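Engineer: Residue numbers (the UniProt record's numbering), protein chains in the order written: chain B, 28 to 76; chain W, 401 to 700; chain A, 401 to 700; chain U, 401 to 450; chain Y, 706 to 908; chain F, 706 to 908.
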Amino acid sequence: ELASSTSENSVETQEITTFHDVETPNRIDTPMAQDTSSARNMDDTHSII
Amino acid sequence: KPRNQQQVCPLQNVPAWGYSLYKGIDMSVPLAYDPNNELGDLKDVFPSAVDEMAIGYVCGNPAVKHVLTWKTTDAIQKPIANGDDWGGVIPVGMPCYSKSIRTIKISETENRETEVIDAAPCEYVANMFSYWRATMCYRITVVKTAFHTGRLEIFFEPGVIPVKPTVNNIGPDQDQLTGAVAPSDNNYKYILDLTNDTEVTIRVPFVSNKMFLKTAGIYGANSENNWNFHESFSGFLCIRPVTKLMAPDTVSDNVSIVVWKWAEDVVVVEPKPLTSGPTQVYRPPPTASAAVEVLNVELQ
Amino acid sequence: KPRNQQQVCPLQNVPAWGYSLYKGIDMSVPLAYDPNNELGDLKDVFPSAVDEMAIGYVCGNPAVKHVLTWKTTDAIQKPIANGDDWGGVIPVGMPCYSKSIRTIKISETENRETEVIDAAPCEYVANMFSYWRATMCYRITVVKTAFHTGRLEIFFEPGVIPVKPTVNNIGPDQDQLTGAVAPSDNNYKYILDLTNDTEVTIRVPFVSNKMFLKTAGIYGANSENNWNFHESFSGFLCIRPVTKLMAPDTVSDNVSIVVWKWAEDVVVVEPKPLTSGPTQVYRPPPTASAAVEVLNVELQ
Amino acid sequence: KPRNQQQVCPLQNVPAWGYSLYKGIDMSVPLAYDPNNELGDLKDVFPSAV
Amino acid sequence: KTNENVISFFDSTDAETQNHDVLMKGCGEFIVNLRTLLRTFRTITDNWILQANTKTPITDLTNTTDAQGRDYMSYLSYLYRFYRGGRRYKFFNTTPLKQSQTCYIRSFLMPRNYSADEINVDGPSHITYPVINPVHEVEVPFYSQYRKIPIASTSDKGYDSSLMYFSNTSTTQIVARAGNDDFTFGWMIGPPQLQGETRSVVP
Amino acid sequence: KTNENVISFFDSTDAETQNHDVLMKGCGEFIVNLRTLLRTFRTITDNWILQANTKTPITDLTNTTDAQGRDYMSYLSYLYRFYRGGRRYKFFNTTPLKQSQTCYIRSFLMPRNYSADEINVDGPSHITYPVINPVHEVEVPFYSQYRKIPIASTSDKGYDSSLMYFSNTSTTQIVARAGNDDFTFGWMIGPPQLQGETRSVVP
């Protein structure tokens, strides 16, 4: 429920290579829901490529 | 077969006895099927992993109150003056202090003034109760570049706040808060150097020679009514430059100072607003001329 | 001898508190002899060896919904069209979808339209509640002889159902469900070969990006009101011939396709119909001209 | 599901029965938040130790 | 010829588990047996006009509402052939009282399908005063010569129990019914046709 | 550039300890969760005029008071985006009764945002007589097709449950509401602007 925001600073260099691509900045300042939940229905198969 | 042996019990017809309480047993008839109808846990219902209604966390939600402008021109030992609203003199109270007056036309013989208060998450909650008590936290940020150099001072002063009441509002008396008439030598302070640090979070514990403080704030505060305002803060934080702001012509002669607000270790008291009017959320009309709805305190 | 020591208890005159519930203690005075009058078990009372009122079994009662006609003429990749009502496009919802309109004469200036829905056992129950959820099961039978050869396809398609609303009804848009505009290559399906199999029971689990689905169905569905219809099925089963029906002149050029309906793993929600009118059973009048009784929602 | 088995209890409409007594249970509705609202000891409230 | 098989689309998952999960977020209750609906009271008539000093067997009202299919007792009765057990009724007074009168409610026994004129006014009886108790709740035990009774058969009269109503003044109340904790239907059959909206039109 | 620190003035002391000490001398209670305010009833209208025999869905009143922000349910709703759970209402009769009448109160279910003219008057129902019970307390279970519902979205109608009101005579009562022991908001957001005193002036 608090700290509904973020702020400054970070580390040197970065990767966070999500699949392809990389990017390199000073780490990152970012929120996420405090420990987020599924909250929805994903149990009817999934399928793939 | 046998006759009564039970005594006569005393009565009183008092339906909805103490319906204003949070705990107890409600007598409302559930329009359902099962007498024990009830939903499960909030799991999977919401994404939040923390009770999203606990006072402590709601008030812990940071929010910007000021965005002052510090010019290389400004003089030291003088709380940054500037419009915005306040700033150099933050009421350091939990309730809200800042407010703007929306004046609309009704005729060439009168206007309608409506107070608009930009309360933060913590100030928004403090409006539901009469008195409060907590430790106010403020994170002062100085948006700038590594080329700007300075040393801002932030000192706290308990007691009344030097102000200049208006026929419909209340502002600070900057004239009464200069380094000469307002020496901050004995006042708890901190000197943020722009070349070393860029931020600082100052936590101000509750101190008001009073168990609790009113939550009136700036509501209906003016020349004739400014008492509830004082009895609702306990002090004020002053931001006066210790060393004049330095900045080459290669950059900007200005620096924005963002200040966040929120409270911790909060404890509210009476479940009723201290304002003279029912809690009402200001709703921005379609046009700057449209009139707003005003709620009264009359009962039929 | 001693005086009262008991406190005054709060009251409220609320006779029949929560009489709409199934569990609890009824205050009705039993016009009998023994205060604990009660009958024994249903043993010997009824022939059934299974609780004859358990929702699961009631809805499990099979019932025919369509009896389509598959001619050797019909083209492939085209849901058997044909009258009857629907068929090639079964709403695959638990509520009822099919309905006929009984139009009677009242004068040369108006007629009285009354909706007649041929609901199955499961559709009959789904009408008592507002929302539903379950796994719909359908057993498709192809009445024929060992001389008929074919390969019928049955694929499911989630979402809205291509229809052509009427001033007083709603039918399928067969034109929008041809193998060309409606490729069933990615849709869950099954291909029943008439030479190998003669039946197939397809079970369609609950899938509707919604916890529950409305039970409105086709009730009062037309051009202006067809929203509740969509939000009450979640998909539709399509029966399009993969290979044209083969049949020598020694037999019939037609084949009847019987389809049964029933649900399993059923769970209904609110104990009240979702229809705009009180639950009413249509009673076939003596003559095709006699008028029927219409129930309103007015209270005195 | 079952019917009543409880007897008919005798009554009397006597609000504030014995309100002049010092002990007992008051029926006044507390205009508060918590049904068990209550203050602590007189310690620190008054200087007197008696 | 013959054979036959079965197929389930998608990837299974306890349909029960899912359901229970849904009722824990969008319901709160789990209706499983329909007999439970024979316990819950439901209005059959929002106004039942009656005259003063008139012994009126509910059957005069029952025969009508039993075919309508408005309440659960009637709606569900169309799915079975037999019934068995007592019934409960609640009459919510809506009649304006005159201080110059002392309106009271009386309900007696009687045999099913009997004319008020061919029975006595003795035996068990209940009475209430709308001036202090607007609701007149009563239950009719299952006094039958048979263990079960099919709806409307032959000329079997006075085989079980009926309810007789009475009032000293002309009344009008909302009636609601439900079977006792022993009422239930039997021998499931096929469901009849439901009815829809009616509005009338021009052509 | 970067860094940042933190500083606490004065000499600490359990701020909690102090607080608790204060509430033990000037309060008596300790409010911690705001959801508790969704249990306490608060008036939204000190007078709600209605006509006789008029099925009026509280939504006609709800839509108005939900934006005012007078009660807790409305005031607190401005801090979140979603809501979930049933609601409770209490109607305190203030309408003068005539002995020549028998005023009664009836409340039914209905789907949210539905017109009284597109729903039936069956299903669960509650009824009270202001002549003996001025307060008509009732609760609306959470019958929804979703686990959560955002305030005023798309054309999602009849997705959950609403409350329908009724009365045989023209009434006027004070309405108070609160959620059941399952009601709660979700997804905290930013607070809107508060309003102050208005008096009007000359220049």
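Note that the Cβ used here is the ideal one computed from N, Cα and C, for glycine as well.
Determine, for residue 57 of chain B, whether the minimum Cβ-Cβ distance to residues of chain Y falls below 7 Å.
Structural biologist: Output row for residue 57 of chain B: interface = no.
Engineer: Any idea which residues DSSP pairs residue 481 of chain W with across the strands?
Structural biologist: Looking at the DSSP assignment, residue 481 of chain W forms no beta bridge with any residue, so it has no partner.
Engineer: Going by beta-carbon coordinates alone, are residue 588 of chain A and residue 901 of chain Y separated by less than 7 Å?
Structural biologist: Their beta carbons are not under 7 Å apart, which means residue 588 of chain A does not touch residue 901 of chain Y by this criterion.
Engineer: Using only alpha-carbon positions, find the residue among F:719, F:709, F:881, F:861 that is nearest to residue 771 of chain F.
Structural biologist: The shortest C-alpha separation from residue 771 of chain F is found at F:881.
Engineer: Can we say the segment 588-597 of chain A touches the segment 546-553 of chain A, given the rule of at least three CB pairs closer than 8 Å?
Structural biologist: With the cut-off at 8 Å, the segment 588-597 of chain A and the segment 546-553 of chain A touch.
Engineer: I want to verify the contact list: residues of chain A whose CB lies under 8 Å from the CB of residue 424 of chain U, in sequence order.
Structural biologist: Here the neighbours are 407.
Engineer: Could one say the Cβ of residue 437 of chain U lies closer than 7 Å to chain F's Cβ atoms, at least one of them?
Structural biologist: Chain F, which has a Cβ nearer than 7 Å to the Cβ of residue 437 of chain U, makes this yes.
Engineer: May I ask which residues mark the beginning and end of the alpha helix (DSSP H) holding residue 782 of chain Y?
Structural biologist: Its alpha helix (DSSP H) spans residues 777-782.
Engineer: Does the segment 423-434 of chain W come into contact with the segment 829-838 of chain F, if we say contact requires no fewer than three beta-carbon pairs (one atom in each stretch) closer than 8 Å?
Structural biologist: The segment 423-434 of chain W vs the segment 829-838 of chain F: in contact.
Engineer: At 7 Å on the CB atoms, spell out the chain W contacts of residue 734 of chain Y, in chain order.
Structural biologist: The contacting residues are 432, 433, 434, 437.
Engineer: Starting from residue 655 of chain A and walking both ways along the beta strand (DSSP E), at which residues does that stretch end?
Structural biologist: Unbroken beta strand (DSSP E) run through residue 655 of chain A: 654-664.
Engineer: Name the chain U residues whose beta carbon is nearer than 9 Å to that of residue 536 of chain A?
Structural biologist: Under the 9 Å cutoff, chain U gives no residues; its nearest Cβ is about 32 Å from residue 536 of chain A.
Engineer: From the DSSP output, in three-state form, read off residue 883 of chain Y for me.
Structural biologist: Strand at residue 883 of chain Y.
Engineer: So residue 427 of chain A contacts chain U; which residues on that side make the cut at Cβ distance below 7 Å?
Structural biologist: Per Cβ cutoff of 7 Å: 404.
Engineer: Give me the chain A residues within the contact set of residue 411 of chain W, using Cβ-Cβ distance strictly less than 8 Å, ordered along the chain.
Structural biologist: Within chain A, the residues near residue 411 of chain W are 408, 409, 411.
Engineer: How far does the beta strand (DSSP E) with residue 511 of chain W in it extend, from its first residue to its last?
Structural biologist: Residue 511 of chain W -> beta strand (DSSP E) spans 510-517.
Engineer: Report the residue from A:633, A:553, A:521, A:652 whose alpha carbon sits nearest the alpha carbon of residue 559 of chain A.
Structural biologist: Among A:633, A:553, A:521, A:652, the Cα nearest to that of residue 559 of chain A belongs to A:633.
Engineer: Return helix, strand or coil for residue 629 of chain A, following the three-state DSSP convention.
Structural biologist: DSSP places residue 629 of chain A in helix when its eight states are reduced to three.
Engineer: Relative to the C-alpha of residue 905 of chain F, which residue among W:659, W:503, W:573, W:669 is closest?
Structural biologist: The candidate whose alpha carbon is nearest that of residue 905 of chain F is W:503.
Engineer: Please return the same chain residues whose Cβ sits closer than 6 Å to the Cβ of residue 740 of chain Y, not counting the five positions on each side in sequence.
Structural biologist: These residues qualify, in order along the chain: 889.
Engineer: For residue 803 of chain F, return the contacting residues in chain U, with the cut-off set at a CB-CB distance below 7 Å.
Structural biologist: Neighbours of residue 803 of chain F on chain U: none; closest Cβ ~24 Å, over 7 Å.
Engineer: With a threshold of 16 other CB atoms inside 10 Å of the CB of residue 522 of chain W, please say whether the residue is buried or exposed.
Structural biologist: Label assigned to residue 522 of chain W: buried.
Engineer: Return the chain-ordered list of same chain residues with a C-beta closer than 7 Å to the C-beta of residue 612 of chain W, the five sequence neighbours on each side being excluded.
Structural biologist: Excluding residues within five positions, the ones whose Cβ falls inside 7 Å are 531, 532, 533, 669.
Engineer: In the DSSP assignment, the beta strand (DSSP E) including residue 663 of chain F goes from what residue to what residue?
Structural biologist: Because chain F in this structure spans residues 706 to 908, residue 663 of chain F falls outside the shown range and cannot be described.
Engineer: Using a Cβ-Cβ distance under 7 Å, would residue 63 of chain B count as near chain Y?
Structural biologist: Not one chain Y Cβ lies under 7 Å of residue 63 of chain B.
Engineer: Residues of chain F with CB under 9 Å from residue 31 of chain B, in chain order?
Structural biologist: Ordered by position in chain F, the residues that pass the 9 Å Cβ test against residue 31 of chain B are 893, 894, 895.
Engineer: Go ahead and pull the three-state DSSP assignment for residue 548 of chain A.
Structural biologist: Looking at residue 548 of chain A - three-state DSSP - the assignment turns out to be coil, as it is neither helix nor strand.
Engineer: Determine, for residue 417 of chain A, whether the minimum Cβ-Cβ distance to residues of chain C falls below 7 Å.
Structural biologist: This model lacks chain C altogether, as its protein chains are B, W, A, U, Y and F.
Engineer: Would you call the segment 569-578 of chain A and the segment 475-482 of chain A in contact, with 3 or more CB pairs under 8 Å?
Structural biologist: The segment 569-578 of chain A is in contact with the segment 475-482 of chain A.
Engineer: Quick check for students: name the residue ranges of the beta strand (DSSP E) that lie wholly in the segment 791-879 of chain F, counting only runs of 3 or more.
Structural biologist: Listed in chain order, they are 792-798, 810-813, 830-833, 840-845, 869-872.
Engineer: In chain A, which residues lie with their C-beta within 9 Å of the C-beta of residue 401 of chain U?
Structural biologist: Chain A residues near residue 401 of chain U: 422, 423, 424, 425, 426.
Engineer: So what's residue 720 of chain Y in DSSP terms, helix, strand or just coil?
Structural biologist: Note: residue 720 of chain Y maps to helix in three-state DSSP.
Engineer: Between residue 847 of chain F and residue 419 of chain W, what straight-line distance do the alpha-carbon atoms span, to the nearest angstrom?
Structural biologist: Going from the Cα of residue 847 of chain F to the Cα of residue 419 of chain W covers about 21 Å.
Engineer: In chain U, which residues lie with their C-beta within 8 Å of the C-beta of residue 671 of chain W?
Structural biologist: Ordered by position in chain U, the residues that pass the 8 Å Cβ test against residue 671 of chain W are 432, 433.
Engineer: Among W:494, W:675, W:437, W:444, whose alpha-carbon lies nearest the alpha-carbon of residue 463 of chain W?
Structural biologist: Selected option, being the one with the closest Cα: W:494.
Engineer: Below 8 Å on the Cβ atoms is my guess for residue 774 of chain F versus residue 679 of chain W; work out the distance and round it to an integer in Å.
Structural biologist: Confirmed, Cβ separation roughly 6 Å.
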